[PDB]
>>> print(open('data38.txt').read())   # compact mmCIF, C-alpha atoms
# COMPACT_ATOMS: atom_id res chain seq x y z
CA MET V 1 -14.04 31.43 33.54
CA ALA V 2 -13.47 30.74 29.79
CA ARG V 3 -9.69 30.86 30.15
CA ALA V 4 -7.73 27.66 30.99
CA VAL V 5 -4.28 26.26 30.38
CA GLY V 6 -3.09 24.61 27.24
CA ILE V 7 -0.70 21.88 27.43
CA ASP V 8 1.73 20.73 25.07
CA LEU V 9 2.23 17.32 26.28
CA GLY V 10 5.32 16.67 24.26
CA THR V 11 7.43 13.37 23.75
CA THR V 12 10.58 14.82 25.16
CA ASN V 13 9.45 18.23 26.40
CA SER V 14 6.11 19.52 27.73
CA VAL V 15 5.00 23.15 27.88
CA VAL V 16 2.07 24.96 29.62
CA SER V 17 0.42 28.18 28.42
CA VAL V 18 -2.32 30.19 29.92
CA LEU V 19 -4.65 32.94 28.59
CA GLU V 20 -4.26 36.14 30.54
CA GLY V 21 -6.89 38.51 29.35
CA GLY V 22 -6.91 36.65 26.07
CA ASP V 23 -3.09 36.75 25.79
CA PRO V 24 -1.46 33.32 25.95
CA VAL V 25 1.51 33.42 28.24
CA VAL V 26 3.78 30.45 28.73
CA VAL V 27 3.97 29.23 32.30
CA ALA V 28 7.46 28.74 33.88
CA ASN V 29 8.42 25.58 35.78
CA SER V 30 9.53 25.63 39.35
CA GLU V 31 12.89 24.71 37.92
CA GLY V 32 13.18 28.14 36.18
CA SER V 33 12.37 27.06 32.67
CA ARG V 34 9.25 27.28 30.60
CA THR V 35 10.12 23.99 28.97
CA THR V 36 9.68 20.76 31.12
CA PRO V 37 11.46 17.57 30.17
CA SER V 38 8.69 14.93 29.69
CA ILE V 39 10.51 12.50 32.06
CA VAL V 40 9.17 10.89 35.08
CA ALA V 41 11.75 9.11 37.49
CA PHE V 42 11.30 7.23 40.73
CA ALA V 43 14.36 7.77 42.91
CA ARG V 44 15.38 4.85 45.04
CA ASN V 45 13.59 6.12 48.14
CA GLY V 46 10.08 6.42 46.78
CA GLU V 47 10.57 9.96 45.40
CA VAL V 48 8.78 11.17 42.22
CA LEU V 49 10.92 13.30 40.04
CA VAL V 50 9.29 15.04 37.10
CA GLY V 51 11.20 17.26 34.64
CA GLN V 52 14.92 18.24 34.87
CA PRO V 53 15.94 16.27 38.03
CA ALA V 54 14.42 13.18 36.43
CA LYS V 55 16.59 13.98 33.42
CA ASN V 56 19.61 14.54 35.67
CA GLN V 57 19.30 11.19 37.35
CA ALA V 58 18.09 9.31 34.24
CA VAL V 59 21.46 7.89 33.34
CA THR V 60 21.97 6.32 36.71
CA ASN V 61 18.38 5.59 37.49
CA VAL V 62 17.39 4.17 34.18
CA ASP V 63 15.99 1.32 36.20
CA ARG V 64 13.11 3.55 37.30
CA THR V 65 13.19 6.36 34.76
CA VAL V 66 10.67 6.67 32.09
CA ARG V 67 11.43 8.80 29.16
CA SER V 68 9.15 9.35 26.10
CA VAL V 69 6.18 7.45 27.64
CA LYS V 70 4.08 9.27 25.16
CA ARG V 71 5.17 6.75 22.59
CA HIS V 72 3.03 4.12 24.33
CA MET V 73 -0.12 6.00 25.34
CA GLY V 74 -2.58 3.93 23.32
CA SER V 75 -1.18 0.65 24.62
CA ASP V 76 -1.31 -1.35 27.83
CA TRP V 77 2.30 -0.24 28.52
CA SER V 78 3.20 -0.02 32.21
CA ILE V 79 6.28 0.04 34.29
CA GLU V 80 6.30 -1.88 37.53
CA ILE V 81 8.05 0.20 40.10
CA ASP V 82 8.15 -0.89 43.67
CA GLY V 83 4.82 -2.49 43.75
CA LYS V 84 2.88 -0.36 41.46
CA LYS V 85 2.56 -0.52 37.74
CA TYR V 86 2.46 2.90 36.22
CA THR V 87 0.54 2.87 33.06
CA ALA V 88 1.34 5.33 30.20
CA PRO V 89 -1.76 7.46 31.27
CA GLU V 90 -0.46 7.49 34.81
CA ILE V 91 3.07 8.33 33.88
CA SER V 92 2.07 11.13 31.58
CA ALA V 93 -0.32 12.21 34.36
CA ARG V 94 2.67 12.78 36.52
CA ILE V 95 3.95 15.21 33.98
CA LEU V 96 0.64 16.88 33.86
CA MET V 97 0.61 16.88 37.59
CA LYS V 98 3.96 18.75 37.79
CA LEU V 99 2.98 20.99 35.14
CA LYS V 100 -0.39 21.66 36.96
CA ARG V 101 1.36 22.35 40.22
CA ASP V 102 3.69 24.90 38.63
CA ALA V 103 0.86 26.54 36.81
CA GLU V 104 -0.97 26.77 40.08
CA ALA V 105 1.99 28.41 41.69
CA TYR V 106 2.46 30.68 38.74
CA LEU V 107 -1.07 31.79 38.55
CA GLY V 108 -1.95 31.63 42.21
CA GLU V 109 -5.02 29.61 41.46
CA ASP V 110 -6.21 26.17 40.80
CA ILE V 111 -6.79 25.59 37.16
CA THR V 112 -8.86 22.41 36.72
CA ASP V 113 -9.80 22.68 33.18
CA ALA V 114 -7.21 22.14 30.22
CA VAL V 115 -6.65 21.51 26.48
CA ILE V 116 -4.11 19.12 25.92
CA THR V 117 -2.61 18.50 22.56
CA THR V 118 -1.68 15.27 20.82
CA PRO V 119 -0.02 14.54 17.54
CA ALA V 120 -2.38 14.42 14.61
CA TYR V 121 -1.52 10.75 14.00
CA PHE V 122 -2.69 9.70 17.42
CA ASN V 123 -5.88 7.69 17.23
CA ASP V 124 -8.72 7.98 19.55
CA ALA V 125 -7.37 5.33 21.91
CA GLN V 126 -4.29 7.34 22.28
CA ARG V 127 -6.43 10.48 22.77
CA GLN V 128 -8.51 8.65 25.35
CA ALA V 129 -5.29 7.66 27.16
CA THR V 130 -4.40 11.36 27.15
CA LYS V 131 -7.86 12.18 28.60
CA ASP V 132 -7.37 9.61 31.21
CA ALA V 133 -3.94 11.02 32.06
CA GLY V 134 -5.57 14.37 32.49
CA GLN V 135 -8.23 13.04 34.81
CA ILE V 136 -5.63 11.15 36.79
CA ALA V 137 -3.73 14.51 37.20
CA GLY V 138 -6.95 16.30 38.36
CA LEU V 139 -7.41 17.93 35.04
CA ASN V 140 -10.60 18.15 33.37
CA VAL V 141 -9.68 17.75 29.68
CA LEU V 142 -11.80 20.13 27.91
CA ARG V 143 -10.73 18.92 24.52
CA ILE V 144 -7.80 17.40 22.77
CA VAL V 145 -6.32 19.33 19.95
CA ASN V 146 -4.04 18.12 17.46
CA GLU V 147 -0.54 19.65 17.81
CA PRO V 148 -0.51 20.98 14.11
CA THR V 149 -3.99 22.50 14.83
CA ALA V 150 -2.67 24.19 17.89
CA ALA V 151 0.35 25.43 16.12
CA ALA V 152 -1.80 27.22 13.55
CA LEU V 153 -3.98 28.59 16.40
CA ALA V 154 -0.92 29.97 18.11
CA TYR V 155 -0.13 32.31 15.31
CA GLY V 156 -3.82 33.43 15.07
CA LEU V 157 -4.16 32.05 11.63
CA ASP V 158 -7.60 33.21 10.75
CA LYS V 159 -7.42 34.15 7.13
CA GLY V 160 -9.80 36.71 6.01
CA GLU V 161 -10.85 34.33 3.22
CA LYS V 162 -11.32 31.51 5.86
CA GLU V 163 -9.90 28.75 3.72
CA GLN V 164 -6.12 28.51 4.28
CA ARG V 165 -3.30 26.00 3.58
CA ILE V 166 -0.83 25.41 6.47
CA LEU V 167 2.44 23.48 6.56
CA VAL V 168 3.38 22.57 9.91
CA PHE V 169 6.92 21.22 10.31
CA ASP V 170 7.38 19.70 13.71
CA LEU V 171 11.12 18.85 14.68
CA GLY V 172 11.05 18.05 18.25
CA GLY V 173 13.43 16.25 20.38
CA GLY V 174 12.64 12.69 19.66
CA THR V 175 9.96 13.01 16.87
CA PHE V 176 9.35 14.47 13.44
CA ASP V 177 5.84 15.31 12.25
CA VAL V 178 4.94 16.85 9.08
CA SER V 179 1.36 18.04 8.51
CA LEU V 180 -0.69 19.95 5.80
CA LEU V 181 -3.77 21.63 7.27
CA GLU V 182 -7.02 23.29 5.93
CA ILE V 183 -8.29 26.18 7.99
CA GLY V 184 -12.05 27.13 8.11
CA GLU V 185 -13.70 29.52 10.53
CA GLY V 186 -11.04 29.00 13.24
CA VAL V 187 -11.01 25.20 12.80
CA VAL V 188 -7.70 23.78 11.60
CA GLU V 189 -8.33 20.34 9.99
CA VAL V 190 -5.75 17.77 9.03
CA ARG V 191 -5.31 16.84 5.35
CA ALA V 192 -2.13 14.84 5.37
CA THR V 193 0.66 13.72 7.66
CA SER V 194 3.99 12.12 7.49
CA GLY V 195 7.27 12.17 9.28
CA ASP V 196 9.92 10.12 11.14
CA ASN V 197 9.04 8.90 14.67
CA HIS V 198 12.67 8.40 15.53
CA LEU V 199 14.20 11.65 14.11
CA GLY V 200 14.63 14.73 16.16
CA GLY V 201 17.02 17.09 18.24
CA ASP V 202 18.18 14.19 20.21
CA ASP V 203 19.94 12.79 17.16
CA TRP V 204 21.36 16.14 16.17
CA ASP V 205 22.78 16.45 19.65
CA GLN V 206 23.91 12.95 19.60
CA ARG V 207 25.97 13.51 16.50
CA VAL V 208 27.60 16.46 18.20
CA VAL V 209 28.42 14.14 21.20
CA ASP V 210 29.71 11.50 18.83
CA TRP V 211 31.92 14.04 17.25
CA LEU V 212 33.20 15.16 20.62
CA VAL V 213 33.97 11.62 21.62
CA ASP V 214 35.56 10.84 18.38
CA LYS V 215 37.80 13.86 18.51
CA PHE V 216 38.60 13.29 22.25
CA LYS V 217 39.50 9.79 21.49
CA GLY V 218 41.28 10.77 18.50
CA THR V 219 43.58 12.85 20.65
CA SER V 220 43.66 10.66 23.93
CA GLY V 221 42.55 7.14 22.79
CA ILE V 222 39.74 7.13 25.44
CA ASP V 223 36.24 5.71 25.06
CA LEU V 224 34.11 8.37 26.79
CA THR V 225 30.98 6.33 26.20
CA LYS V 226 32.03 4.08 29.00
CA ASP V 227 31.74 6.86 31.57
CA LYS V 228 28.18 7.89 32.21
CA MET V 229 29.14 11.18 33.81
CA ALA V 230 31.33 11.99 30.85
CA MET V 231 28.39 11.26 28.66
CA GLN V 232 25.92 13.41 30.65
CA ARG V 233 28.00 16.54 30.44
CA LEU V 234 28.85 15.72 26.81
CA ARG V 235 25.09 15.83 26.16
CA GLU V 236 24.78 19.17 28.05
CA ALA V 237 27.73 20.56 26.01
CA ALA V 238 26.18 19.23 22.80
CA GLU V 239 22.87 20.73 23.51
CA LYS V 240 24.33 24.10 24.16
CA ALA V 241 26.73 23.72 21.24
CA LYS V 242 23.73 23.32 18.92
CA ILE V 243 22.06 26.20 20.52
CA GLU V 244 24.99 28.45 20.02
CA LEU V 245 25.25 27.38 16.41
CA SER V 246 21.71 28.46 15.80
CA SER V 247 23.17 31.95 15.41
CA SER V 248 26.88 31.59 15.69
CA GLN V 249 29.23 30.11 13.06
CA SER V 250 31.32 28.61 15.78
CA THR V 251 31.08 27.30 19.30
CA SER V 252 33.53 26.18 21.89
CA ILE V 253 33.23 22.92 24.00
CA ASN V 254 35.07 22.99 27.28
CA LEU V 255 34.99 19.95 29.52
CA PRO V 256 38.18 19.68 31.52
CA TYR V 257 39.38 16.68 33.32
CA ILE V 258 36.72 14.52 32.02
CA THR V 259 37.84 10.98 32.74
CA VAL V 260 40.98 8.99 33.51
CA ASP V 261 43.64 7.70 30.92
CA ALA V 262 46.50 5.27 31.44
CA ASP V 263 48.99 7.94 32.39
CA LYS V 264 46.65 10.12 34.56
CA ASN V 265 47.28 13.01 32.26
CA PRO V 266 45.11 15.98 32.28
CA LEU V 267 42.30 15.37 29.76
CA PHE V 268 40.76 18.57 28.83
CA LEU V 269 38.16 18.45 26.12
CA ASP V 270 38.74 21.68 24.19
CA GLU V 271 36.95 21.55 20.82
CA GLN V 272 35.85 24.10 18.23
CA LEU V 273 32.66 23.04 16.41
CA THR V 274 31.93 25.26 13.34
CA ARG V 275 28.39 25.57 12.02
CA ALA V 276 29.73 24.29 8.68
CA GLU V 277 31.13 21.17 10.46
CA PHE V 278 27.99 20.84 12.37
CA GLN V 279 26.06 20.69 9.04
CA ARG V 280 28.64 18.28 7.53
CA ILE V 281 27.81 16.01 10.33
CA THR V 282 24.05 16.62 10.83
CA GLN V 283 22.98 16.76 7.26
CA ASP V 284 22.88 13.01 7.36
CA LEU V 285 19.77 13.56 9.49
CA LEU V 286 18.53 16.84 7.88
CA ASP V 287 18.23 15.00 4.61
CA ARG V 288 15.94 12.49 6.23
CA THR V 289 13.31 15.13 6.47
CA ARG V 290 13.03 15.90 2.82
CA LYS V 291 11.23 12.73 1.80
CA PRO V 292 8.20 13.00 4.37
CA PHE V 293 7.88 16.74 3.59
CA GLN V 294 7.38 15.80 0.05
CA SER V 295 5.14 12.87 0.86
CA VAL V 296 2.57 15.26 2.49
CA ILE V 297 2.80 17.57 -0.49
CA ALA V 298 2.23 14.63 -2.79
CA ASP V 299 -0.57 13.09 -0.74
CA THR V 300 -2.61 16.32 -0.81
CA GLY V 301 -1.69 17.25 -4.51
CA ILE V 302 -0.91 20.75 -3.29
CA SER V 303 2.24 22.49 -4.58
CA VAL V 304 4.38 24.73 -2.32
CA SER V 305 3.16 27.69 -4.24
CA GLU V 306 -0.33 26.91 -2.98
CA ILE V 307 0.72 27.04 0.69
CA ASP V 308 -0.52 30.15 2.46
CA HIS V 309 1.48 29.78 5.60
CA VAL V 310 4.32 27.75 7.22
CA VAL V 311 4.62 27.08 10.78
CA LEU V 312 7.80 25.71 12.39
CA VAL V 313 7.56 24.06 15.73
CA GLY V 314 10.10 22.26 17.81
CA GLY V 315 13.23 24.09 19.00
CA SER V 316 15.43 22.41 16.63
CA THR V 317 13.73 24.45 13.86
CA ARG V 318 15.59 27.48 15.28
CA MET V 319 18.66 26.14 13.45
CA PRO V 320 19.63 27.98 10.09
CA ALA V 321 20.35 24.60 8.62
CA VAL V 322 16.65 23.71 9.15
CA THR V 323 15.49 27.21 8.15
CA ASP V 324 17.29 27.24 4.93
CA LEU V 325 16.11 23.70 4.23
CA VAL V 326 12.53 24.96 4.78
CA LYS V 327 13.19 27.77 2.40
CA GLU V 328 14.14 25.21 -0.31
CA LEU V 329 11.21 23.03 0.66
CA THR V 330 8.66 25.66 0.49
CA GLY V 331 10.03 27.67 -2.46
CA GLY V 332 11.09 30.49 -0.18
CA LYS V 333 7.65 30.74 1.47
CA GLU V 334 8.54 32.22 4.73
CA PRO V 335 7.84 30.56 8.11
CA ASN V 336 6.15 32.71 10.70
CA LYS V 337 8.31 33.81 13.54
CA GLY V 338 7.25 35.51 16.76
CA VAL V 339 6.34 32.49 19.01
CA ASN V 340 9.03 30.22 20.42
CA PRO V 341 8.82 26.95 18.31
CA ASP V 342 8.73 24.82 21.48
CA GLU V 343 6.01 26.84 22.96
CA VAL V 344 3.89 27.28 19.89
CA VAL V 345 1.75 24.35 20.39
CA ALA V 346 1.07 25.14 24.02
CA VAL V 347 0.11 28.64 22.97
CA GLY V 348 -2.44 27.33 20.55
CA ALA V 349 -3.83 25.05 23.05
CA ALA V 350 -4.36 27.81 25.48
CA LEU V 351 -6.08 29.75 22.90
CA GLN V 352 -8.43 26.84 22.07
CA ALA V 353 -9.10 26.37 25.75
CA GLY V 354 -10.54 30.06 25.77
CA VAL V 355 -12.30 29.60 22.36
CA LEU V 356 -13.76 26.35 23.31
CA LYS V 357 -15.27 27.49 26.67
>>> encode(input="data38.txt", output="structure tokens")
Amino acid sequence: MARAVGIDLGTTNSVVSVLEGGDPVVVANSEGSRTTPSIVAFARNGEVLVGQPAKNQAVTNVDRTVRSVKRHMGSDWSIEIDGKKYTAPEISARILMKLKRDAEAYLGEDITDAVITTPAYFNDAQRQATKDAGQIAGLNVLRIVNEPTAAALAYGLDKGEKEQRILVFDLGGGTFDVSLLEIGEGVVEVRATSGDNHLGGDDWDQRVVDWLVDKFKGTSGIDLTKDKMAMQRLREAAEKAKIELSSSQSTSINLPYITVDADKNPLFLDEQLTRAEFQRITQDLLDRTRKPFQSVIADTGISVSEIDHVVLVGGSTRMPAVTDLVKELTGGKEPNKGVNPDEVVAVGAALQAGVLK
């Protein structure tokens, strides 16, 4: 009975984990992925789309698509859709709802209890909105854990000396959260935070798209930003291009017959993006992280040599550009690998759900 799911109710992507005999296992979506886009869309027929199909229709159904609702949880923010205003609690509850339903299917049982994580900078109103979202989704929020806390829990960071210094570098899709933590008897307390609420993987992908458009245009003279379908697959290509460059030095973008030019000539986007070019481009954004990393270090008065452990969360931290930056940032103090960065927080949450009960 102690076990329950942990939910990483993320800004752009949410993840569910569950303790199975004490072993946190990340729950897969009905869509075939363990990572669920934190998007809730109302198709123009009264149909609730949560996750990837909400993402798929977002560009055409922006009218009724809510993305990154998490950014407004502590407010009175609501979207009036066909007679009903959906408050940020309710919208995020729909995520939780989908996530609950898949976990139910996965597990073959109804899990009512859950730890849901929130960013360390969320205030209690924002945490209460999260609790409310949980209750709306039929979840009984056991506790809310800060995402940095959960991240440290995920790696089982129980130092034999109790007291431990954690740097948690969170580069998610749409947000950047830096946090220094103090661990004591399984409790991971926050000492300082900083970050950039508008920097994440979305901008790194976006620069790849921009590059693709710029090079396409450079060759054909066509503004691909004017065609939404061009832009959706450019984002898919960009996403995967970044992913490939997390290990490869080069990746190939292949989007044939994208759109229509003046002469109806075959417009095949065929581009080679090197990891070096990728950095030449994206370092405009990688450099934005250096300042808030340092501001946490400065706010606590704790040098990098005094950090016992570094935790990287957010899938964008899988990039070697980020990894090497972390190595400079932390004096070579090596980030702990073994849990997927996007799943880390969910893992910790699941763990706290068992510890807690």
>>> closest_residue(input="data38.txt", among="V:330, V:164, V:254, V:194", to="residue 308 of chain V", atoms="all atoms listed in the file")
V:164
>>> closest_residue(input="data38.txt", among="V:167, V:4, V:199, V:125", to="residue 288 of chain V", atoms="only C-alpha atoms")
V:199
>>> closest_residue(input="data38.txt", among="V:222, V:40, V:171, V:137", to="residue 63 of chain V", atoms="only C-alpha atoms")
V:40
>>> residues_around(input="data38.txt", residues="residue 307 of chain V", least_positions_apart="5", cutoff="12 Å", atoms="all atoms listed in the file", output="ChimeraX atom specification")
/V:163-168,179-183,297,300-302,329-335
>>> residues_near_point(input="data38.txt", point="(7.9, 29.4, 16.2)", cutoff="12 Å", atoms="only C-alpha atoms", output="JSON, numbers by chain")
{"V": [150, 151, 152, 153, 154, 155, 168, 169, 170, 171, 172, 310, 311, 312, 313, 314, 315, 316, 317, 318, 319, 323, 334, 335, 336, 337, 338, 339, 340, 341, 342, 343, 344, 345, 346, 347, 348]}
>>> atom_distance(input="data38.txt", atom1="atom CA of residue 100 of chain V", atom2="atom CA of residue 141 of chain V")
12.4 Å
>>> residues_around(input="data38.txt", residues="segment 214-218 of chain V", least_positions_apart="5", cutoff="8 Å", atoms="all atoms listed in the file", output="NGL selection string")
:V and (223-224 or 269)
>>> residues_around(input="data38.txt", residues="residue 204 of chain V", least_positions_apart="6", cutoff="9 Å", atoms="all atoms listed in the file", output="list in words")
residues 173, 238, 239, 242, 278, 281, 282, 285, 286 and 316 of chain V
>>> closest_residue(input="data38.txt", among="V:273, V:237, V:178, V:79", to="residue 195 of chain V", atoms="all atoms listed in the file")
V:178
>>> residues_around(input="data38.txt", residues="residue 235 of chain V", least_positions_apart="4", cutoff="8 Å", atoms="all atoms listed in the file", output="list in words")
residues 205, 206, 209, 231 and 239 of chain V
>>> write_last_selection(input="data38.txt", atoms="C-alpha atoms", output="JSON list (two decimals), keeping the file's coordinate frame")
[["chain", "number", "residue", "atom", "x", "y", "z"],
["V", 205, "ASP", "CA", 22.78, 16.45, 19.65],
["V", 206, "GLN", "CA", 23.91, 12.95, 19.60],
["V", 209, "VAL", "CA", 28.42, 14.14, 21.20],
["V", 231, "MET", "CA", 28.39, 11.26, 28.66],
["V", 239, "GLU", "CA", 22.87, 20.73, 23.51]]
>>> residues_around(input="data38.txt", residues="residue 10 of chain V", least_positions_apart="6", cutoff="10 Å", atoms="all atoms listed in the file", output="count of residues only")
22
>>> atom_distance(input="data38.txt", atom1="atom CA of residue 236 of chain V", atom2="atom CA of residue 62 of chain V")
17.8 Å
>>> atom_distance(input="data38.txt", atom1="atom CA of residue 89 of chain V", atom2="atom CA of residue 191 of chain V")
27.8 Å
>>> closest_residue(input="data38.txt", among="V:266, V:232, V:202, V:349", to="residue 58 of chain V", atoms="all atoms listed in the file")
V:232
>>> residues_near_point(input="data38.txt", point="(-2.5, 6.9, 28.7)", cutoff="10 Å", atoms="all atoms listed in the file", output="PyMOL selection string")
chain V and resi 69-78+86-93+125-134+136
>>> build_atoms(input="data38.txt", residues="segment 183-210 of chain V", atoms="N, CA and C atoms", output="mmCIF file, in the frame of the given file")
data_model
loop_
_atom_site.group_PDB
_atom_site.id
_atom_site.type_symbol
_atom_site.label_atom_id
_atom_site.label_comp_id
_atom_site.auth_asym_id
_atom_site.auth_seq_id
_atom_site.Cartn_x
_atom_site.Cartn_y
_atom_site.Cartn_z
ATOM 1 N N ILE V 183 -7.643 25.389 6.983
ATOM 2 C CA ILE V 183 -8.290 26.180 7.990
ATOM 3 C C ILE V 183 -9.699 26.660 7.512
ATOM 4 N N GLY V 184 -10.679 26.640 8.428
ATOM 5 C CA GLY V 184 -12.050 27.130 8.110
ATOM 6 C C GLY V 184 -12.734 27.589 9.366
ATOM 7 N N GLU V 185 -13.012 28.877 9.422
ATOM 8 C CA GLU V 185 -13.700 29.520 10.530
ATOM 9 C C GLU V 185 -13.077 29.233 11.909
ATOM 10 N N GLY V 186 -11.748 29.232 11.979
ATOM 11 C CA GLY V 186 -11.040 29.000 13.240
ATOM 12 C C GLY V 186 -10.709 27.511 13.482
ATOM 13 N N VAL V 187 -11.244 26.626 12.645
ATOM 14 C CA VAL V 187 -11.010 25.200 12.800
ATOM 15 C C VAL V 187 -9.848 24.788 11.880
ATOM 16 N N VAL V 188 -8.844 24.125 12.435
ATOM 17 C CA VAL V 188 -7.700 23.780 11.600
ATOM 18 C C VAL V 188 -7.679 22.246 11.409
ATOM 19 N N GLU V 189 -8.216 21.782 10.262
ATOM 20 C CA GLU V 189 -8.330 20.340 9.990
ATOM 21 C C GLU V 189 -7.115 19.745 9.318
ATOM 22 N N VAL V 190 -6.878 18.491 9.593
ATOM 23 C CA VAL V 190 -5.750 17.770 9.030
ATOM 24 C C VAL V 190 -6.058 17.193 7.653
ATOM 25 N N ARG V 191 -5.135 17.404 6.695
ATOM 26 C CA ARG V 191 -5.310 16.840 5.350
ATOM 27 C C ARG V 191 -4.303 15.765 5.054
ATOM 28 N N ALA V 192 -3.078 15.904 5.543
ATOM 29 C CA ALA V 192 -2.130 14.840 5.370
ATOM 30 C C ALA V 192 -0.961 14.934 6.341
ATOM 31 N N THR V 193 -0.469 13.784 6.752
ATOM 32 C CA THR V 193 0.660 13.720 7.660
ATOM 33 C C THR V 193 1.680 12.770 7.237
ATOM 34 N N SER V 194 2.867 12.977 7.725
ATOM 35 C CA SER V 194 3.990 12.120 7.490
ATOM 36 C C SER V 194 5.100 12.520 8.394
ATOM 37 N N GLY V 195 6.199 11.799 8.383
ATOM 38 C CA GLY V 195 7.270 12.170 9.280
ATOM 39 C C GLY V 195 8.287 11.050 9.527
ATOM 40 N N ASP V 196 8.945 11.146 10.653
ATOM 41 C CA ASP V 196 9.920 10.120 11.140
ATOM 42 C C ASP V 196 9.868 10.084 12.678
ATOM 43 N N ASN V 197 9.256 9.019 13.216
ATOM 44 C CA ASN V 197 9.040 8.900 14.670
ATOM 45 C C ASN V 197 10.297 8.712 15.463
ATOM 46 N N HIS V 198 11.422 8.566 14.813
ATOM 47 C CA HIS V 198 12.670 8.400 15.530
ATOM 48 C C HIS V 198 13.696 9.520 15.208
ATOM 49 N N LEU V 199 13.294 10.533 14.406
ATOM 50 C CA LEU V 199 14.200 11.650 14.110
ATOM 51 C C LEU V 199 13.866 12.906 14.851
ATOM 52 N N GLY V 200 14.844 13.491 15.469
ATOM 53 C CA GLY V 200 14.630 14.730 16.160
ATOM 54 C C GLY V 200 16.010 15.388 16.687
ATOM 55 N N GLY V 201 15.865 16.340 17.612
ATOM 56 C CA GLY V 201 17.020 17.090 18.240
ATOM 57 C C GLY V 201 17.900 16.237 19.033
ATOM 58 N N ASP V 202 17.392 15.135 19.493
ATOM 59 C CA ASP V 202 18.180 14.190 20.210
ATOM 60 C C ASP V 202 19.249 13.571 19.365
ATOM 61 N N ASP V 203 18.972 13.397 18.050
ATOM 62 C CA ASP V 203 19.940 12.790 17.160
ATOM 63 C C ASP V 203 20.938 13.825 16.665
ATOM 64 N N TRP V 204 20.481 15.082 16.532
ATOM 65 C CA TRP V 204 21.360 16.140 16.170
ATOM 66 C C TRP V 204 22.329 16.414 17.251
ATOM 67 N N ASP V 205 21.881 16.280 18.530
ATOM 68 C CA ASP V 205 22.780 16.450 19.650
ATOM 69 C C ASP V 205 23.666 15.339 19.770
ATOM 70 N N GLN V 206 23.150 14.132 19.477
ATOM 71 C CA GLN V 206 23.910 12.950 19.600
ATOM 72 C C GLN V 206 25.066 12.934 18.647
ATOM 73 N N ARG V 207 24.883 13.489 17.436
ATOM 74 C CA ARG V 207 25.970 13.510 16.500
ATOM 75 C C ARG V 207 27.024 14.480 16.938
ATOM 76 N N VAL V 208 26.626 15.547 17.657
ATOM 77 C CA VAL V 208 27.600 16.460 18.200
ATOM 78 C C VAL V 208 28.425 15.750 19.291
ATOM 79 N N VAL V 209 27.728 14.906 20.144
ATOM 80 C CA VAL V 209 28.420 14.140 21.200
ATOM 81 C C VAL V 209 29.355 13.197 20.619
ATOM 82 N N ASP V 210 28.904 12.505 19.533
ATOM 83 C CA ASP V 210 29.710 11.500 18.830
ATOM 84 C C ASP V 210 30.967 12.129 18.289
#
